[PDB]
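Participant: Right, I'll just put the structure down here and ask away after.
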Amino acid sequence: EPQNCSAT
Amino acid sequence: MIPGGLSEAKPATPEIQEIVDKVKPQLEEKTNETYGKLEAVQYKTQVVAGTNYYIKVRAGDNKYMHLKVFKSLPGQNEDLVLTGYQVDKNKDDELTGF
Amino acid sequence: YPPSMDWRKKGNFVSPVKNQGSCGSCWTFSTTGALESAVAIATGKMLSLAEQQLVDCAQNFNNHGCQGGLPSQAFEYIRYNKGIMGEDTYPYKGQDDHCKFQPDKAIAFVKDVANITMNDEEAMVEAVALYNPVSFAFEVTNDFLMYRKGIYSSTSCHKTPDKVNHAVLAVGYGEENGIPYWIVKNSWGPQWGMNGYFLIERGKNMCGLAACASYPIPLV
Ligand SMILES: *[C@@H]1O[C@H](CO)[C@@H](O[C@@H]2O[C@H](CO)[C@@H](O[C@@H]3O[C@H](CO)[C@@H](O)[C@H](O)[C@@H]3O)[C@H](O)[C@H]2NC(C)=O)[C@H](O)[C@H]1NC(C)=O
């Protein structure tokens, strides 16, 4: 799914 | 945090103030002004081929400034260079990139 | 999977070390590296990809120019955007510009994105042993900044998603003196560490070493 590290 | 964002913000620490104090002359060479005591209040960090500092300095009384300094890697020599600054900043104002 | 693995040794599969300056575009260097390697691993043609592009345009994939990003999302960016051009046509500037993407210029492409499962360091080793240099993001500290040589261990860094703050490229692995490590390419120039490269403690998810790692599958 969307890799969790990228946000902001 | 994203791999390159600025960190969440933390209270200013004694080293931040060192950085601001070591840096104060550069604000002045650029704005040709003379500030009283510039007190560090908050800062954020960002890893690059060094570290970029995003500090919230109280340089007046009820007026805040936002400096941006770049501290080099421990092997490439050189000192803290004021890469940018934002005039007229509220105390609550979120520190941001630039 | 062999105990050792150096993608740089197998052949001409790792592009020169380079730095990102004061711009937080490490993820783009993480990104460009995985893809230059793959195409190299598949075609033997060595190419350098423009990180500026990812800086100026990978916006719709949750990236944020010189203020942050992540290889996985950027990998998606190149699939959907139909490619990435090199540098000679999209040179590095280290600052947020506006998109100058030009289709007829793209010289490298992406078909699939293989996202290593979260916290699965072992799978990362698999991907590196059989397939391609992997891109990951760990947790840097002023501690790490002084690195000069040897296997970088760390007790100050936590592992979890949050403090993960610096994407790089796992290009190999091994063990010395009984300590298993990761060979890594960094984006700070041929002066820092072991000529841009640094070794880091392997086997314990050192500084959230495998919280968000992935590699590309080039369309060639
Ligand atoms: C692997 O990790 C990446 C990074 O999070 C994931 O990327 C996401 O991939 C989806 C499709 O699988 C992308 O959706 C597409 O969005 C574009 C742009 O709006 C559009 O052209 C398409 O209609 C499609 O919806 C999504 O943008 C992308 N997200 C990011 C942040 O890159 C990917 O899903 C992960 N794969 C797995 C199996 O977990």
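Each position is counted from 1, following the chain as shown.
Looks like X-ray crystallography, 2.4 Å, at least that's what the header says.
For all residues, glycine too, the Cβ spot is worked out from N, Cα and C.
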Participant: According to Swiss-Prot, which candidate among C:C66, C:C99, C:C157 shares a disulfide with C:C23?
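Facilitator: In Swiss-Prot, C:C23 forms its disulfide bond with C:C66.
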Participant: So C:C207 is in a disulfide according to Swiss-Prot. Which of these is its partner: C:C99, C:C157?
Facilitator: C:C157
Participant: Candidates are C:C26, C:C99. Which one does Swiss-Prot pair with C:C57 through a disulfide bond?
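Facilitator: It is C:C99, per the disulfide annotation in Swiss-Prot.
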Participant: Short of 8 angstroms on C-beta distance to chain A, which of the listed recorded positions (C:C23, C:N115, C:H166) are there?
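Facilitator: Answer, by Cβ distance to chain A: C:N115.
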Participant: Work out how many Å separate C:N115 (N-linked glycosylation site) and C:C26 (active site) at their Cα atoms, rounded off.
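Facilitator: Between the alpha carbons of C:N115 (N-linked glycosylation site) and C:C26 (active site) there are 18 Å.
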Participant: Name the one residue among C:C23, C:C26, C:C57, C:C99, C:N186 whose Cα is closest in three-dimensional space to that of C:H166 (active site); these are the recorded positions.
Facilitator: C:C26
Participant: Cα-Cα separation of C:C207 (disulfide bond) and C:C57 (disulfide bond), in Å?
Facilitator: 29
